[PDB]
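These notes are about the structure you will find just below.
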Amino acid sequence: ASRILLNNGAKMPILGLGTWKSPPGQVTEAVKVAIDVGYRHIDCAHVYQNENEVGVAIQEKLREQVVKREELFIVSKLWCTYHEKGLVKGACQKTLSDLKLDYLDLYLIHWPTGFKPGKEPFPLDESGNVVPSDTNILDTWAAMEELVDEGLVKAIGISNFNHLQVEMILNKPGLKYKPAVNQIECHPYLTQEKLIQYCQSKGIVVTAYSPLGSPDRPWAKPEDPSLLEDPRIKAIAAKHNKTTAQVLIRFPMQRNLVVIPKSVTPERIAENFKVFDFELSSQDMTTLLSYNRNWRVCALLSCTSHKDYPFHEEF
Ligand SMILES: NC(=O)c1ccc[n+]([C@@H]2O[C@H](COP(=O)([O-])OP(=O)(O)OC[C@H]3O[C@@H](n4cnc5c(N)ncnc54)[C@H](OP(=O)(O)O)[C@@H]3O)[C@@H](O)[C@H]2O)c1
Ligand SMILES: O=C(O)Cc1nn(Cc2nc3cc(C(F)(F)F)ccc3s2)c(=O)c2ccccc12
């Protein structure tokens, strides 16, 4: 099926469009093309500095009568510098304003780490370290809950949380809403078997980000592994007369994950959606899981001393 049931009763499309590193000069057209070829889920964030332009595209296609708001599933995330209770509603309302929406379908705590409040999204000290804020995960969760109760968002969730951090929330006395989603990096080099098992056993939906290995990530090194260029995956793709990207997108769908590949190239936006017409075999799946190397695209070294850094724990 094309959508997965969340803990709030709403249905979430399992295939969505990613928007990190989509420039404002091209993301409006990306989203318009996306909606035209069938995407209904768009993954956004204030830190991506392009929510206005995403909002332009959504607004235009509503006006064109291509889709209705109820048909769309729009996600954004609360950035690290806004974890203070008194800053959360404002941050959410900035996102809604920019996206020209009156609600979000899902709002995530982007990272478990709070950063020093201010205009700078990555506040560093003079020696390179991120400057933390004195906020904690549960106070931030409480403030996210408030957004549901005010109707600004229909569901809340988390992202880049390890299983101990998820459990902190689950075990919160007087919890109001359980997280609906944990969005994490996931691809054949970082297969996340244990955290996926944990989350699914708790009734939390997992979204896989960077499913193509984020080749456009700004800190890529020539020597890094390259998923789209892996000859082993290319051979699985050839067998199915599909591209490597289609295989990489289909792989998490068959693990009962949501997946959010990013592109601003119209041909690829279309190509990437054409993944509901074939199945990977049991052997394909096994083979792709075997490529795990615990290799993360997303893990800023300047944050490794933060008290809440998520990736010291095994999972
Ligand atoms: N929660 C978080 O912390 C977090 C972190 C990272 C990412 N995410 C979300 O997940 C999304 C996906 O991750 P990502 O942007 O890191 O990377 P990704 O989706 O793994 O890879 C995107 C890269 O692949 C290229 N690409 C797309 N389709 C292709 C195809 N069919 N053939 C060849 N190349 C193709 C894109 O190029 P073009 O765009 O130039 O076509 C871009 O360079 C993000 O955009 C964001 O929405 C969330
Ligand atoms: O955020 C995205 O969606 C993409 C993303 N990822 N990263 C790598 C990061 N690694 C982190 C690690 C922590 C940590 F929790 F681990 F401390 C906290 C925050 C971050 S940002 C970035 O540096 C970044 C910069 C601008 C826009 C998007 C991103």
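As shown in the structure tokens, the chain order sets the letters A, B, ...; within each chain, residues go from 1, and ligands are also counted from 1 in the order they appear.
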
message = Using only C-alpha atoms and all ligand atoms, which residues have at least one atom no more than 9 Å from ligand 2? Output them as number ranges by chain.
response = A: 20-21, 44-49, 77, 79-80, 110-115, 121-122, 130, 159-161, 209, 217-219, 297-311

Those of region 42-215 of chain A in DSSP strand (DSSP E), formatted as a ChimeraX atom specification = /A:42-43,73-78,106-109,156-159,181-185,205-209

Written file, previous selection with N, CA, C and O atoms, as a tab-separated table (two decimals), in the first residue's frame:
```tsv
chain	number	residue	atom	x	y	z
A	42	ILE	N	5.92	15.76	1.22
A	42	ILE	CA	7.11	16.56	1.08
A	42	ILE	C	7.76	16.75	2.46
A	42	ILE	O	7.09	17.11	3.43
A	43	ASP	N	9.06	16.51	2.49
A	43	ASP	CA	9.83	16.59	3.73
A	43	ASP	C	10.62	17.91	3.70
A	43	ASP	O	11.44	18.11	2.80
A	73	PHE	N	0.73	15.52	2.59
A	73	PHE	CA	1.32	15.20	3.89
A	73	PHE	C	2.59	15.99	4.03
A	73	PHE	O	3.64	15.63	3.45
A	74	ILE	N	2.53	17.11	4.77
A	74	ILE	CA	3.69	17.99	4.82
A	74	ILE	C	4.38	17.94	6.17
A	74	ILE	O	3.75	18.09	7.22
A	75	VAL	N	5.69	17.68	6.09
A	75	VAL	CA	6.49	17.49	7.28
A	75	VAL	C	7.47	18.63	7.43
A	75	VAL	O	8.09	19.00	6.41
A	76	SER	N	7.64	19.14	8.62
A	76	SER	CA	8.80	19.99	8.90
A	76	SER	C	9.37	19.58	10.25
A	76	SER	O	8.92	18.69	10.95
A	77	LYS	N	10.48	20.14	10.72
A	77	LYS	CA	11.31	19.94	11.84
A	77	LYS	C	11.72	21.27	12.50
A	77	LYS	O	12.06	22.27	11.87
A	78	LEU	N	11.68	21.23	13.83
A	78	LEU	CA	12.09	22.22	14.79
A	78	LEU	C	13.61	22.22	14.85
A	78	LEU	O	14.20	21.19	15.26
A	106	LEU	N	2.96	16.60	10.19
A	106	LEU	CA	3.95	16.01	11.08
A	106	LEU	C	5.03	17.06	11.35
A	106	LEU	O	5.55	17.68	10.44
A	107	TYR	N	5.40	17.22	12.62
A	107	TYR	CA	6.45	18.14	13.03
A	107	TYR	C	7.42	17.37	13.92
A	107	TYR	O	6.99	16.75	14.88
A	108	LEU	N	8.70	17.42	13.55
A	108	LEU	CA	9.70	16.63	14.22
A	108	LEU	C	10.69	17.46	15.01
A	108	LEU	O	11.07	18.57	14.62
A	109	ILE	N	11.14	16.94	16.13
A	109	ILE	CA	12.36	17.47	16.74
A	109	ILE	C	13.51	17.03	15.86
A	109	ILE	O	13.76	15.85	15.70
A	156	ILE	N	3.37	14.63	15.99
A	156	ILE	CA	4.73	15.02	16.32
A	156	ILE	C	5.58	13.76	16.41
A	156	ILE	O	5.13	12.65	16.64
A	157	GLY	N	6.86	14.04	16.20
A	157	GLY	CA	7.79	12.92	16.17
A	157	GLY	C	9.18	13.47	16.42
A	157	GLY	O	9.38	14.63	16.77
A	158	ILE	N	10.15	12.57	16.20
A	158	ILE	CA	11.54	12.89	16.44
A	158	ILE	C	12.40	12.46	15.28
A	158	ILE	O	11.98	11.79	14.33
A	159	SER	N	13.67	12.87	15.31
A	159	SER	CA	14.59	12.52	14.24
A	159	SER	C	16.02	12.46	14.75
A	159	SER	O	16.39	13.30	15.55
A	181	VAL	N	6.68	9.09	14.63
A	181	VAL	CA	7.74	8.86	13.69
A	181	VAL	C	9.09	9.15	14.33
A	181	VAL	O	9.25	10.07	15.09
A	182	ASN	N	10.05	8.31	13.95
A	182	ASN	CA	11.46	8.63	14.13
A	182	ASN	C	12.13	8.55	12.76
A	182	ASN	O	12.17	7.52	12.11
A	183	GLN	N	12.61	9.72	12.29
A	183	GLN	CA	13.25	9.81	11.01
A	183	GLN	C	14.77	9.76	11.19
A	183	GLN	O	15.30	10.62	11.87
A	184	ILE	N	15.35	8.76	10.55
A	184	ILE	CA	16.76	8.45	10.71
A	184	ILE	C	17.43	8.15	9.38
A	184	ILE	O	16.81	7.72	8.41
A	185	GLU	N	18.75	8.33	9.37
A	185	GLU	CA	19.53	7.95	8.18
A	185	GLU	C	19.42	6.47	7.92
A	185	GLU	O	19.60	5.72	8.90
A	205	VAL	N	6.65	4.75	13.57
A	205	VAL	CA	6.99	4.61	12.16
A	205	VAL	C	8.37	5.19	11.89
A	205	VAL	O	8.71	6.26	12.40
A	206	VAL	N	9.17	4.46	11.11
A	206	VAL	CA	10.49	4.95	10.76
A	206	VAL	C	10.52	5.46	9.31
A	206	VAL	O	10.03	4.83	8.38
A	207	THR	N	11.07	6.65	9.17
A	207	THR	CA	11.38	7.27	7.89
A	207	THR	C	12.89	7.24	7.65
A	207	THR	O	13.63	7.67	8.54
A	208	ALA	N	13.25	6.73	6.51
A	208	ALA	CA	14.64	6.66	6.08
A	208	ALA	C	15.03	7.89	5.27
A	208	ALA	O	14.46	8.13	4.22
A	209	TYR	N	16.01	8.62	5.79
A	209	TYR	CA	16.54	9.74	5.01
A	209	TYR	C	17.86	9.34	4.38
A	209	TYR	O	18.49	8.35	4.74
```

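Of the residues under consideration (A:163, A:178, A:242, A:61), A:178 shows the shortest atom-to-atom contact distance to residue 145 (chain A) when counting only C-alpha atoms.
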
inquiry  = List as a ChimeraX atom specification the protein and nucleic acid residues lying within 6 Å of ligand 1, with only C-alpha atoms and all ligand atoms counted.
reply    = /A:18-20,43-44,110,159,183,209-216,245,260-265,268,271-272

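Take CA of residue 15 (chain A) and CA of residue 68 (chain A): the distance between them is 18.0 Å.
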
Let's see if you can do this: from backbone DSSP, list all alpha helix (DSSP H) residues in region 221-272 of chain A, as a PDB file with C-alpha atoms, in the first residue's frame.
```
ATOM      1  CA  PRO A 231      28.521  -2.048  -9.013  1.00  0.00           C
ATOM      2  CA  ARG A 232      26.825  -4.622  -6.762  1.00  0.00           C
ATOM      3  CA  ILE A 233      23.670  -2.558  -6.542  1.00  0.00           C
ATOM      4  CA  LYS A 234      23.903  -1.640 -10.206  1.00  0.00           C
ATOM      5  CA  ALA A 235      23.729  -5.380 -10.990  1.00  0.00           C
ATOM      6  CA  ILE A 236      20.607  -5.793  -8.821  1.00  0.00           C
ATOM      7  CA  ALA A 237      19.054  -2.850 -10.675  1.00  0.00           C
ATOM      8  CA  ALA A 238      19.959  -4.292 -14.113  1.00  0.00           C
ATOM      9  CA  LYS A 239      18.333  -7.587 -13.345  1.00  0.00           C
ATOM     10  CA  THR A 244      20.162   1.990  -8.984  1.00  0.00           C
ATOM     11  CA  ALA A 245      18.170   4.838  -7.424  1.00  0.00           C
ATOM     12  CA  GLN A 246      14.839   2.923  -7.850  1.00  0.00           C
ATOM     13  CA  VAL A 247      16.389  -0.072  -6.132  1.00  0.00           C
ATOM     14  CA  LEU A 248      17.658   2.128  -3.283  1.00  0.00           C
ATOM     15  CA  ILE A 249      14.165   3.637  -2.866  1.00  0.00           C
ATOM     16  CA  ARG A 250      12.327   0.316  -3.096  1.00  0.00           C
ATOM     17  CA  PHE A 251      14.620  -1.292  -0.503  1.00  0.00           C
ATOM     18  CA  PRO A 252      13.338   0.644   2.523  1.00  0.00           C
ATOM     19  CA  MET A 253       9.731   0.427   1.251  1.00  0.00           C
ATOM     20  CA  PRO A 266      12.568  16.784 -13.083  1.00  0.00           C
ATOM     21  CA  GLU A 267      13.526  13.536 -14.840  1.00  0.00           C
ATOM     22  CA  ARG A 268      14.817  12.088 -11.590  1.00  0.00           C
ATOM     23  CA  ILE A 269      11.828  13.278  -9.589  1.00  0.00           C
ATOM     24  CA  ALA A 270       9.719  11.226 -11.973  1.00  0.00           C
ATOM     25  CA  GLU A 271      12.095   8.254 -12.121  1.00  0.00           C
ATOM     26  CA  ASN A 272      12.181   8.092  -8.350  1.00  0.00           C
TER      27      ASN A 272
END
```

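The nearest approach to residue 194 (chain A) among the residues A:118, A:37, A:179, A:314, with only C-alpha atoms taken into account, belongs to A:314.
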
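From CA of residue 162 (chain A) back to CA of residue 89 (chain A), the distance works out to 24.8 Å.
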
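If you measure from each of A:131, A:6, A:13, A:288 to residue 258 (chain A) using only C-alpha atoms, the closest one turns out to be A:13.
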